[PDB]
Amino acid sequence: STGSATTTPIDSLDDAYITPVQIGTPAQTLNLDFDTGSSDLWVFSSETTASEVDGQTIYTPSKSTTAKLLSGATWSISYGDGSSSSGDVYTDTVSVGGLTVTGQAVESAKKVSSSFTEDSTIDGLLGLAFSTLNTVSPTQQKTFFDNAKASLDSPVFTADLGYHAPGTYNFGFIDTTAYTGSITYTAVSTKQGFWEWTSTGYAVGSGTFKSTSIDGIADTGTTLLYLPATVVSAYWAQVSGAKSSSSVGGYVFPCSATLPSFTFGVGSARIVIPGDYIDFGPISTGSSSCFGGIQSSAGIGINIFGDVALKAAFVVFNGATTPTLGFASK
Ligand SMILES: O=C(Cc1ccccc1)Nn1cnc2ccccc21
């Protein structure tokens, strides 16, 4: 089998992407954030604290003839940005772009933190990291991809995120019309549960390439590109008037600036992030100070190839016995 679903930015800045997902019988369609940096499929639901729901579409298990409470199971997650959610668990039928999994764990939120409440466009998360990160207790659950894998034509999924435009998530096949040139594959470590790889270096604008190993994760659920402070300083030094602002929480730059591109290495291959992809707009409405899309990972503990980086590429998440990652230009 295969699946193919369009993913759509939630706002004009590409802060996140939502992909429609069918849950239950008859289908309940929720728009989920596909997140290769986590491993829980959780949804706003009829069980969510009423004051914490504000515009989201909810899953109502009692209206699904295929829903079954997973007795005794609970879940609780906290993301790197400080947000969180928790609740109980059902199994149900879940379909993505024509690909169906029966018996998928669907984590029903009883509580969500303020940032989820405040974002009406995201009805929940669909994790695509390794199932060793899944938070369900006392019996850990498998991700949608891990449940689908043996049925797929090939044990892969691909992310093709758009810049200010829709993109695609495919399951089970590589669309050879969706990229240019060849796909370069690179080794993955699953030791921390992530799609963790090592970039071979970087360049700023038309500058020379610096060969240097940069370990990090491919994370569709992170908006920005988080890299070592040395690398990020080298980038922003090429933007007149850019500065790190302790009060704003990162690098800012004059909105009048033209940003240079940023290149990262994948083996001997190179992915070029155009400068416009690094502009995240005014820090507050009407401000002439803009927030940068490349930020330091120093407070985080891991480098993160978030959407800013991934949307510049066609990315293959190869879930073979020994997983790997592939990147192509597009
Ligand atoms: O948690 C993180 C990483 C992060 C971003 C910004 C600052 C510090 C750390 N991404 N992410 C991955 N999945 C997520 C789901 C919600 C929120 C963030 C999510």
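Residues numbered from 1 in each chain as written, not as in the entry; some residues may be left out. Heavy atoms only, no water. Residues with missing side-chain atoms left out of burial classes, pairs and counts.

Per the deposited record, X-ray crystallography is how this structure was determined, to a resolution of 1.38 Å.

Q: Could you clarify how one ought to interpret the sheet that holds strand β21 (residues 294–296) in this entry?
A: Paired through backbone hydrogen bonds, the strands of a sheet run either parallel or antiparallel to each other. If you trace the 7 strands from one edge of the open sheet to the other, you get β18-β17-β12-β13-β22-β14-β21, paired in mixed fashion. With partners counted over all chains shown, the strands left at the sheet margins are β18 (269–273) and β21, one partner each. Sheet twist, expressed as the mean angle between neighbouring strand axes with direction ignored, is 45 degrees. Sheet topology note: the strand β12 (residues 196–204)/strand β17 (residues 262–266) ladder contains 3 bridges and is antiparallel. Residue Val204 lies in a different strand from β17, and its bridge partner there is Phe262. Strand contacts of helix α3 (residues 229–236): β12, β13 (210–218), β14 (225–227), β17 and β21, with the helix running at about 140 degrees to β21, the strand carrying the most contacts. (Pairing = 2+ DSSP bridges. Helix = DSSP H or I, 4+ residues; strand = E, 2+ residues; numbered from the N terminus. Axes fitted to C-alpha atoms, helices over the stretch in contact; angles between N-to-C directions. Contact = heavy atoms within 4.5 Å.)

Q: Looking at this model, I keep getting lost on the domain arrangement of the chain. Mind explaining?
A: Interface size, as often reported, equals the accessible area lost upon joining of the parts. For the chain, the assigned domains read domain 1 (5–174) and domain 2 (175–330). Taken over C-alpha atoms, the centre of domain 1 sits 25 Å from the centre of domain 2. On the side of domain 2, 33 residues touch domain 1, which itself brings 29 residues to the contact. Together domain 1 and domain 2 conceal approximately 2,400 Å² of surface at their shared face, both sides included; 58% is due to carbon and sulfur atoms. Its largest share of buried area at the contact with domain 2, domain 1 owes to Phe130, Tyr163 and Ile174, together 28% of the area lost on that side. In this assembly, domain 1 and domain 2 are joined by 2 salt bridges. Where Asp160 meets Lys330, a salt bridge forms, and the shortest distance between an N and an O atom there is 2.8 Å. Where domain 1 meets domain 2, there are 16 residue pairs in polar contact. (Domains from an automatic or database assignment. Buried area = accessible area lost by both parts, 1.4 Å probe. Salt bridge = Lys/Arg side-chain N within 4 Å of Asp/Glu carboxyl O. Polar contact = N/O pair within 3.5 Å; in protein donor to acceptor, adjacent residues only side chain to side chain.)

Q: Is there a simple way to think about the sheet that holds strand β15 (residues 243–245) in this case?
A: Overall, antiparallel pairing links the 4 strands, which are arranged β15-β16-β20-β19 in an open sheet. Strands at the two margins of the open sheet, each flanked by one partner only, are β15 and β19 (279–282). Between one strand and the next, the sheet's axes are offset by a mean angle of 40 degrees, whatever the strand orientation. The pairing of β19 with strand β20 (residues 289–292) spans 2 bridges and is classified as antiparallel.

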